[PDB]
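# no FASTA, just this:
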Ligand SMILES: *[C@@H]1O[C@H](CO)[C@@H](O[C@@H]2O[C@H](CO)[C@@H](O[C@@H]3O[C@H](CO)[C@@H](O)[C@H](O[C@H]4O[C@H](CO)[C@@H](O)[C@H](O)[C@@H]4O)[C@@H]3O)[C@H](O)[C@H]2NC(C)=O)[C@H](O)[C@H]1NC(C)=O
Ligand SMILES: *[C@@H]1O[C@H](CO)[C@@H](O[C@@H]2O[C@H](CO)[C@@H](O[C@@H]3O[C@H](CO)[C@@H](O)[C@H](O)[C@@H]3O)[C@H](O)[C@H]2NC(C)=O)[C@H](O)[C@H]1NC(C)=O
Ligand SMILES: *[C@@H]1O[C@H](CO)[C@@H](O[C@@H]2O[C@H](CO)[C@@H](O)[C@H](O)[C@H]2NC(C)=O)[C@H](O)[C@H]1NC(C)=O
Ligand SMILES: *[C@@H]1O[C@H](CO)[C@@H](O[C@@H]2O[C@H](CO)[C@@H](O)[C@H](O)[C@H]2NC(C)=O)[C@H](O)[C@H]1NC(C)=O
Ligand SMILES: *[C@@H]1O[C@H](CO)[C@@H](O[C@@H]2O[C@H](CO)[C@@H](O)[C@H](O)[C@H]2NC(C)=O)[C@H](O)[C@H]1NC(C)=O
Ligand SMILES: *[C@@H]1O[C@H](CO)[C@@H](O)[C@H](O)[C@H]1NC(C)=O
Ligand SMILES: *[C@@H]1O[C@H](CO)[C@@H](O)[C@H](O)[C@H]1NC(C)=O
Ligand SMILES: *[C@@H]1O[C@H](CO)[C@@H](O)[C@H](O)[C@H]1NC(C)=O
Ligand SMILES: *[C@@H]1O[C@H](CO)[C@@H](O)[C@H](O)[C@H]1NC(C)=O
Ligand SMILES: *[C@@H]1O[C@H](CO)[C@@H](O)[C@H](O)[C@H]1NC(C)=O
Ligand SMILES: *[C@@H]1O[C@H](CO)[C@@H](O)[C@H](O)[C@H]1NC(C)=O
Ligand SMILES: *[C@@H]1O[C@H](CO)[C@@H](O)[C@H](O)[C@H]1NC(C)=O
Ligand SMILES: *[C@@H]1O[C@H](CO)[C@@H](O)[C@H](O)[C@H]1NC(C)=O
Ligand SMILES: *[C@@H]1O[C@H](CO)[C@@H](O)[C@H](O)[C@H]1NC(C)=O
Ligand SMILES: *[C@@H]1O[C@H](CO)[C@@H](O)[C@H](O)[C@H]1NC(C)=O
Ligand SMILES: *[C@@H]1O[C@H](CO)[C@@H](O)[C@H](O)[C@H]1NC(C)=O
Ligand SMILES: *[C@@H]1O[C@H](CO)[C@@H](O)[C@H](O)[C@H]1NC(C)=O
Ligand SMILES: *[C@@H]1O[C@H](CO)[C@@H](O)[C@H](O)[C@H]1NC(C)=O
Ligand SMILES: *[C@@H]1O[C@H](CO)[C@@H](O)[C@H](O)[C@H]1NC(C)=O
Ligand SMILES: *[C@@H]1O[C@H](CO)[C@@H](O)[C@H](O)[C@H]1NC(C)=O
């Protein structure tokens, strides 16, 4: 599952199908809290799909976009923390690029 | 958002796709009503996507298809329903038999798939 | 809906839309209904994600780059697409479902990484 | 070879499954507590040609779920009601003798007692009538207590709740389906060769009774006898009749209701004085229909016990009234009728009046941590019901020269709800699968 | 040679009845720490209540069939009742009370108004005493509390505030709220200046009768609105053009007497009064009221004739909840007379003082199976409120006359919300269009 | 900037975990989800993760859940308000040993019965700790008229079972397998799991009973070791067995207190009356401290003298070792264990115990449970798995450190097992620069 977390950014790209499937596949009064938890889990799933939708990456695990070269000595949980402060800019740019791509329709 | 009633223009449908960003933008007593509302918002989203999928229009805003237009539905030619009529008015004109058009769209996509697979 | 259940495998292929239409939709009672709606969504999404992983999103029928292994079944196409139904087929290859599915996920993973 | 995997979504396959079913019904009843779901005007069956499927009325899922839902509704309806805990006081009880017929001489008591008032510093003296089944001696002397004052709190059932059965249709959500068996004699278990798919059940009235099943479905053409391991005495026998038998029941006394305020917004409904003379409650079964009906059951029954023997009917075994008598709920009144007048016969391989007892303190789900008080009804009661089946048991033993004695049985409510829901099963639709074809590339 | 084409993102909507969510701004729950409104309507809103103008859209509105009103009414009741569930039940107080009159430094306007009651409170008994207002105590010099024979009295919890804060109702995704911007809109029919919003402007859930306090004002003129102005069974809601300031007080400096009635179960009784005992009252500017009422008449004559005499009169008999200005000031419950406000005939030194009664056992929302006890408030109460609208009714029988009579009245509560939600409508968005008709694949 | 989905990353997060258990018990009727008969764990090669057991929200959740279940379980039970009456006691002198003189009293009282217009006179025994003399000898219960005292239901068991906490979808629990991890800082050899191990919700004070043992020497964990305001949690390598008993053959009288309510009174003791007690092997205890002392010297100096002493003060909940054995509540004197000075250079220890019935559970003032009596002789055996210690405020003006037993806050007991676990939220969506 998360076994590739400590390897390298490149190699970990080969386990994307494992992680994607495992996040969706998984008396009653106090239990309302569990019902709320189930609904929230569904919304989290859809939130990611909805971002892929507006960015034009729907249905993909590896999406090519329109917006040094290491990928060996750095891993996920390192590199992605370093760009935490830049990431929101990127997300805005990904949406903007798709908004312009949509002109051709 | 609902920025126009400027006839059935259709040139700016991208604006209302913000309702497809509906989840991105997001003691229990009456919290049940609020929970029901969250569930229904999800179902409405999924039902529209399922329907576009089954018809072969998924991923697009403007889907040009294989079902011919019938005179038994509306016979106003084109300028009447493009330059002079609004979307609210158009929906009223074809308010009836939408289940007919939808059923035909599903049949058409099934034929398109069997002819390829 | 399930009217095609007794028909042959190649006949039932014409009712895929019919069934897809009703898989999502079609104070004790209140809580049961809410729980039922949540379940319907969860099951629906699990099946759709799986088609997405396999690269079959948006299609009722898709072909993939996975050869049929000769050990999964030993029957002719004239005997598979006719002369039996899907209920029978599902039982006959039941013990390989998770194998085939794993292969489908891997085949698409390779197809996708190959595109950069 | 050259065959390739092709994936199909929307495939007509399924597996047995347990899911949540929801209520639907047609146009203050406890059986429709926000059951705001219409049934179809046409709950159209989809016949499945060439489909044979296995059914099992025993070890089903629908029966247990129905049982659970009924108890839950029952309790939910009683929660917001007046507690009668303050009435567990010593009663001063004497005999009701004025215009009482012989059959009723000792049946009713006239009890006076101290009761609470709106204010904490005030008390009132009141009286009411009770059936002897609800009142017992404290030690020996007119000092009595209610039967459940050493067991549990008694909750008064709320007025304006009828509890009258409404056929309830159980519906499966989304990807689930209910399959129905259309055979006439499927006999409880095994393959059914004539089946159909439905979205909701036919509508089952939650009638609560013992020994005899009232207002259910009839068998088509012939009597059907269903039992798990029928050549045993371990399991009961369910007999579904192919014709109904009417049973005419009554509470002939013109009873009244005495409304007593017991606190700041709380009322107790007491049995008041009776207008006119007092007679015994009873049920009438016509001999003209019962003897023939029973003979038909025997003919069908004598398949499993050899085709050459004597079938006898006898009364129930000892135990609580909830199991030894026939329980009815008519107008909200609770009857416990003596069926030994019906089950008394010898069958050789060649008007019946049943007295009834009445109770106000009820424990119907075989639980004693709860109890309900049934308010009196200000009027005279008559009801006519359809006997659509029986729950019977048989004596055990061996070396009795194949002598078979049958007796009324049941009392376990889950078995009443097998007289319906025997033809239905729930399956999960699993619309995704693979098959080989001539499609070499994606 | 025309073909079906499918469009997603079509600007089409339908009338709808849905569940709106309740929201408040980001400061409301930081300042109003124990306020039920801020606590439960916790979703932050109003960063920018941006409107989308709908060019060329005519939309039909109906304030008397508006589901938003019914939802608000239910939400207010539900929250109120939930808030009292864990509070102390004052059942030890349903004992005979022995009472005498408070005659200590009392004015002439309150003789017999306050009573000093004592009783034996719950193997042990403790004689206790407290002060009560006349309205809460009924003779049976033996007395009992009102609402002691039909219902239980629940003490409101002193730790939770019900002080109104603005409430915004917000559409769930898939829905939108349309606003009528036409000025001088009378609550019904087509509106041509229309815009779309995510949430309402913020309504304070103020509860009052006869005079509506702290609402919004009309932009240009007094607006008279009714379901059927020619009927007599309907109320007339008058939205004022300018506010009228009303200054209310409970001049008596009260103390609190804490009595323990169980294991952490405390009862709060009125202790005694410091200083002179005086009558509670409200003041309005006389000149302002006169001009305000004249404006109401000018815009009322339009429906009755400009040669028709309009007179105002006070309320009919009935319970205080409908005959007086039911009002909450400082958390105390007031019932002000108002007959000094509605006493004139209109033909084509500077203030008015309204005496007020105080009551502690309150039966809210016109229900009778429940009662609430309001704990005493210490010190002296003063508040200033804005009269933003009136609720008037009209006497029938005017057929045989040239004069119409208007009286204050109405206590249904929904009307207090219809007066703010009248410009809003909820619609469902239907983004999928099926066949405008254009091309083959 | 390529978009990837299914990326193995996460961030620390606070969520609600659900309870699961292996297959009338308070946790069994809650932790309804069966556990995996064969749980899996995934080793994460080359993953370093920062852990902090003192900031672990899993502990805060467990604390809240344990209290909530306890309180919910006691709701549908008998209130003992009707029993707050003057009681009339006589000292029990019936073949009582010296150490039990004055411990038991026999009171008569007038209580409720089946009917509200009748009363009954009953007699029962009370432990002195539950009864206060009012100045024949008149008595009332402790906090008789100020606390809400609820009878525990005879039908519910509070025996701890090894409950597991499991992640909801979207979350994972990480484990620190480093054998010497001291509760804070980076940990290598991190594994991903779906559920925690089974943790028995054992309630105790000075000594931590049952649960896990350290594999490599004694491990001492604290938030701030030089700060005397903090407790020191010491994990042992081998357990110390304790044999505890309530030797008196007591009986139980079930009497009616209301229409459908039963009250359980302590009845005449059948056998002779003796003091309750716990047995600790003497040699084992002495070896155990020697191991603890060596590890303490590593923090306080190898030329520093280590001394053990009893509690400095407080009420029973902190001055004694408390525990529950089969429903009975013990308060044991540990001064017999913590009495030695350690110099750098067949017997047993008996700890006398007191029994108390009205329990101020979770240290809440005004809320108490009445523990019904249990008939017969009660025995239990337990494992000391760890100690809670504190140090005296002697500053630096000493060559000797003095350690005393701690106790009180329950969060520290639960931290003894939930120290290797961390909860993280999985965030599968991310981006990276690629040549496409
Ligand atoms: C640390 O772990 C140990 C175990 O390794 C644990 O000690 C065990 O405690 C249980 C419960 O107190 C003991 O089991 C009891 O034994 C008596 C013997 O007569 C039984 O009567 C008890 O039965 C009850 O439940 C029945 C249910 O049907 C009732 O019918 C009956 O009347 C009783 O109510 C129960 O089985 C067990 O014997 C000990 N183990 C040993 C070795 O003695 C210890 O408690 C844990 N530490 C802490 C602090 O909890
Ligand atoms: C209409 O709105 C006005 C405010 O615009 C409301 O009056 C205000 O009510 C609050 C709560 O009763 C008062 O708060 C108090 O402030 C004093 C300050 O010394 C403090 O000691 C008290 O404990 C309390 O917090 C506030 O002062 C008061 N504003 C004014 C000008 O007096 C009014 O009640 C609203 N009308 C209605 C009917 O709700
Ligand atoms: C079986 O069905 C009959 C017919 O509906 C039930 O008897 C009727 O109950 C209603 C209740 O309002 C009365 O108004 C009718 O007058 C009754 N019928 C007759 C002939 O009097 C009967 O109660 C049902 N049986 C059971 C056990 O519930
Ligand atoms: C209300 O009545 C109580 C008695 O029920 C009055 O309390 C007494 O006041 C005198 C004043 O000299 C004291 O000496 C007594 O000790 C008080 N009695 C008690 C029981 O406290 C009280 O003053 C009256 N209050 C009002 C406003 O009339
Ligand atoms: C309402 O108006 C009255 C005057 O009509 C105010 O009462 C006066 O208050 C001043 C305060 O210094 C006294 O000197 C006067 O003697 C009072 N006059 C009378 C007739 O009693 C009253 O305070 C105003 N109320 C409010 C809420 O502002
Ligand atoms: C861990 O680091 C070592 C360093 O020599 C390396 O050889 C090994 O491949 C790394 N493990 C993983 C999972 O990448
Ligand atoms: C739909 O059918 C009704 C039938 O009464 C008719 O009045 C209405 O005009 C029809 N609408 C359309 C769009 O044809
Ligand atoms: C059932 O079998 C017959 C042939 O025996 C066939 O004609 C019919 O179409 C089949 N039914 C279905 C649903 O396919
Ligand atoms: C009076 O009550 C007793 C109760 O045991 C009963 O035996 C007796 O027959 C009754 N007398 C009547 C009805 O006269
Ligand atoms: C009929 O039911 C009995 C019940 O014991 C069973 O043994 C028998 O096999 C069933 N018959 C058929 C044809 O399934
Ligand atoms: C039963 O039959 C008897 C015959 O005399 C009759 O008097 C009685 O009314 C009948 N009861 C019912 C319920 O039909
Ligand atoms: C029940 O009453 C009906 C009339 O309502 C009558 O025809 C029928 O014969 C009676 N049944 C019995 C068993 O007496
Ligand atoms: C209080 O004073 C009024 C003055 O009219 C009088 O009628 C009433 O009887 C007095 N009540 C008491 C309790 O003294
Ligand atoms: C309290 O009870 C005694 C009982 O004799 C009575 O005399 C006294 O008047 C009562 N006190 C009050 C204030 O009701
Ligand atoms: C509304 O107020 C303005 C002043 O702000 C005034 O000029 C106008 O006349 C008023 N409206 C009416 C109906 O009098
Ligand atoms: C209300 O009080 C303010 C001062 O707080 C004063 O200026 C104003 O005139 C008063 N209004 C009335 C109607 O008395
Ligand atoms: C209304 O005023 C009249 C005097 O004009 C008075 O008699 C009547 O009682 C008043 N009614 C109310 C409710 O204030
Ligand atoms: C029970 O009540 C009686 C009443 O006379 C009293 O004498 C007796 O002492 C009471 N019992 C106790 C233990 O207080
Ligand atoms: C440890 O305790 C000392 C005081 O004894 C304090 O100065 C220091 O900051 C503490 N360290 C941490 C990490 O809190
Ligand atoms: C306690 O005494 C009873 C007396 O009947 C006896 O049966 C039981 O075994 C004794 N138990 C112990 C532990 O001594």
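Sure, I can see it. Numbers count the residues shown, from 1 in each chain, chains lettered A, B, ... in the order given. Ligands and ions are numbered 1, 2, ... in the order given.

# how about the nearest residue to residue D:26, chain neighbours excluded?
Leaving aside its sequence neighbours, residue D:26 sits nearest to residue D:39 (C-beta to C-beta, 6 or more residues apart in numbering or on different chains; 5.6 Å). From N, CA and C alone the C-beta is placed, and that goes for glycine too.

# pretty sure that neighbour is in contact with residue D:199, am I right?
No - the pair residue D:39 / residue D:199 is not scored as a contact, 9.5 Å apart, by C-beta atoms under 8 Å.

# okay, now residue 41: neighbour count?
If you meant another chain, say so; for now it's chain A. 19 (other C-beta atoms under 10 Å in any protein chain shown).

# hmm, I had chain D in mind actually
A count of nearby residues for residue D:41, using other C-beta under 10 Å, gives 7.

# Ok, the one 3 residues further on next?
As a burial measure, residue D:44 scores 12 neighbours (other C-beta under 10 Å).

# How about the one 10 residues further on?
Using other C-beta under 10 Å, residue D:54 has 11 neighbouring residues.

# Could you name the specific helix or strand carrying the closest residue to it other than its chain neighbours?
Distances taken as C-beta to C-beta, 6+ apart place residue D:191 nearest to residue D:54, at 5.3 Å, with adjacent residues excluded. Per DSSP states H and E, residue D:191 falls inside strand D:189-192.

# Then residue D:163?
Counting by DSSP H and E, residue D:163 is part of no helix or strand.

# Show the contacting residues for it.
Contacts for residue D:163 were tallied using C-beta atoms under 8 Å, 6 or more residues apart in numbering or on different chains; they are D:29, D:30, D:31, D:157, D:329, D:332.

# isn't the first one right up against residue D:167?
In this case it means residue D:29. No - counting by C-beta under 8 Å, residue D:167 is not a contact partner of residue D:29; they are 11.7 Å apart.

# Please enumerate the helices of the chain.
Just going to use chain A. Using DSSP state H, the helices of chain A run over A:16-22, A:32-55, A:79-82, A:87-101.

# um, chain D though
Counting by DSSP H, the helices of chain D are D:62-78, D:287-301, D:321-324.

# Take those and lay them out in a markdown table including mean neighbour count and distance to residue A:61.
Below are these laid out as a markdown table (neighbours: other C-beta atoms under 10 Å in any protein chain shown; distance: least, C-beta to C-beta, whole Å):
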| stretch | mean neighbour count | distance to residue A:61 |
| --- | --- | --- |
| helix D:62-78 | 18 | 41 |
| helix D:287-301 | 16 | 65 |
| helix D:321-324 | 18 | 63 |
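
# nearest to ligand 16, of those?
Proximity to ligand 16 (C-beta to the nearest ligand atom) singles out helix D:62-78 among the helices of chain D, at 53.3 Å.

# and that closest one, anywhere near chain C?
Yes - using C-beta under 8 Å from any C-beta of the partner chain, helix D:62-78 reaches chain C at D:69, D:72, D:73, D:76.

# packing partners for that helix?
helix C:28-53, strand D:169-171, strand D:424-429 (3 or more C-beta pairs under 8 Å, 6 or more residues apart in numbering or on different chains; DSSP states H and E).

# Next, the angle helix D:62-78 makes with the longest one.
Between helix C:28-53 and helix D:62-78, the angle formed by their directions is 130 degrees, by axes from the mean of the first three to the mean of the last three C-alpha atoms, to 10 degrees.

# Quick check: can you name the pairing partners of the strand holding residue D:191 and their directions?
Strand D:189-192 sits in its sheet next to strand D:53-56 (antiparallel), going by DSSP bridges.

# in the stretch 51-200 of chain D, which spans are strands?
For the stretch 51-200 of chain D, the strands defined by DSSP state E, counting those that start in this stretch occupy D:53-56, D:91-95, D:108-116, D:123-131, D:135-137, D:143-146, D:154-156, D:169-171, D:176-181, D:189-192, D:195-198.

# Need these in a markdown table (columns: distance to ligand 5).
Converted to a markdown table, these look like this (distance: least, C-beta to the nearest ligand atom, whole Å):
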| stretch | distance to ligand 5 |
| --- | --- |
| strand D:53-56 | 80 |
| strand D:91-95 | 61 |
| strand D:108-116 | 47 |
| strand D:123-131 | 49 |
| strand D:135-137 | 65 |
| strand D:143-146 | 61 |
| strand D:154-156 | 52 |
| strand D:169-171 | 63 |
| strand D:176-181 | 68 |
| strand D:189-192 | 84 |
| strand D:195-198 | 72 |
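
# Distance to residue B:105 added to those, as TSV?
Shown next, in TSV, are those (distance: least, C-beta to C-beta, whole Å):
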stretch	distance to residue B:105
strand D:53-56	34
strand D:91-95	76
strand D:108-116	71
strand D:123-131	69
strand D:135-137	73
strand D:143-146	69
strand D:154-156	57
strand D:169-171	28
strand D:176-181	25
strand D:189-192	38
strand D:195-198	25
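
# closest one to residue D:243 among these?
strand D:176-181 (21.4 Å; C-beta to C-beta).

# quick one: contacts of the closest one?
For strand D:176-181, with C-beta under 8 Å, 6+ apart as the criterion, the contacting residues are C:1-2, D:14, D:17, D:19, D:45, D:48, D:53, D:55, D:170-172, D:192, D:194-201, D:423-429.

# that older thread, among the helices and strands packed on helix D:62-78, which is nearest ligand 4?
Across those, ligand 4 has its closest neighbour in helix C:28-53 (52.7 Å, C-beta to the nearest ligand atom).

# Contact partners for the residue in the stretch 151-300 of chain D that ligand 14 sits nearest to?
Residue nearest to ligand 14 within the stretch 151-300 of chain D: residue D:264 (19.1 Å; C-beta to the nearest ligand atom). Neighbour list for residue D:264: D:118, E:91, E:94, E:148, E:149, E:150, E:151, E:152 [criterion: C-beta under 8 Å, 6+ apart].

# Likewise for residue D:134?
Contacts of residue D:134 by C-beta under 8 Å, 6+ apart are D:146, D:147, D:359, D:360, D:361.

# do residue D:193 as well
Going by C-beta under 8 Å, 6+ apart, residue D:193 touches D:52, D:183.
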